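One chain is shown next in C-alpha cells, namely the form deposited in one PDB entry.
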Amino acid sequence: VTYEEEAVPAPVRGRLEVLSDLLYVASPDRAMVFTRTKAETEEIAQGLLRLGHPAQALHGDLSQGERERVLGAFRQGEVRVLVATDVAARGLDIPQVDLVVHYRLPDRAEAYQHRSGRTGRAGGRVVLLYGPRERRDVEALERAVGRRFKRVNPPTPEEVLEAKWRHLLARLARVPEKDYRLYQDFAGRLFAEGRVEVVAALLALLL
C-alpha cells in the first residue's frame, strides 16, 4: 500500500506512555488513534491530554454538534490527537491523518483497512501496539492482512527528550517580535543575573 506500517511492543501497563512517547517522537500534524471501546477512546484521550497531548475522543455518545466541534479543532490543529472507535470513526466528515495507531488490535482485515485507510495527504504511517502475549494475534492479523509488519522497538527516553527538545526549539522560533518584545526587558533581567539555572528551569517548564 501507499503507507508504512510498524508493530510496536508495549506491556498494557506502559501502553499509554508508549503511545505518548511515539507521538512526541514523530509528532505528526494529525494522529488518529483507534481503541476497542467508547470508554477507552475517552479513557485514552484523558491520559494523553495529561502528558501534554491535545487529544479528544470520538464516539457514539456524541451529539453531532460536539462531534463537528471535535472534528473542527482537529482539522484546525487545535486538537492533534483523535482517540476514536471504528463506528464513531465512520463517515465523510472524517478528515485524513498523518499517523494511525491501533492502540488495540483489529480482528478483521476490513477493520484494519478502514482505520488505516485514514492516513495519507501526500502516503502515511500506521503503528500497532501489542502486549507481550499478543504475538500470535499480530501473526494472525498479518495473515488476515496479507502483509507483514516490521518489529520496531519503542522510542528511547532520550529519543523523546530530544524530540520534545526540538519542538520546544521550533516553538520559540515561531514566537514573533510582537509577542516576545513585550518581554525583552525581563529577558535582560535574567541576562544581567546570568544564573544559568533560572533559564534551565524555565526551559524545564516548557519541555
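Rigid core: the largest C-alpha set superposing within 1.5 Å between the two forms. All residue numbers are counted from 1 along the displayed sequence. Only residues modelled in both forms are compared.
Just so it is clear, the following notes concern the form deposited in another entry, a form of the same protein that is not shown.
Once both forms are overlaid on the rigid core, the distance between the two CA positions of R171 between the shown form and the other one is 2 angstroms or more. The rigid-core alignment places the CA of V198 2 Å or more apart between the shown form and the other one.
Relative to the shown form, the CA atoms of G77 and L182 are pushed 3 Å or more farther apart in the other entry. In sequence order, 164 to 207 is the sole run of at least 3 consecutive residues whose Cα positions differ by 2 Å or more between the shown form and the other one once the rigid core is superposed.
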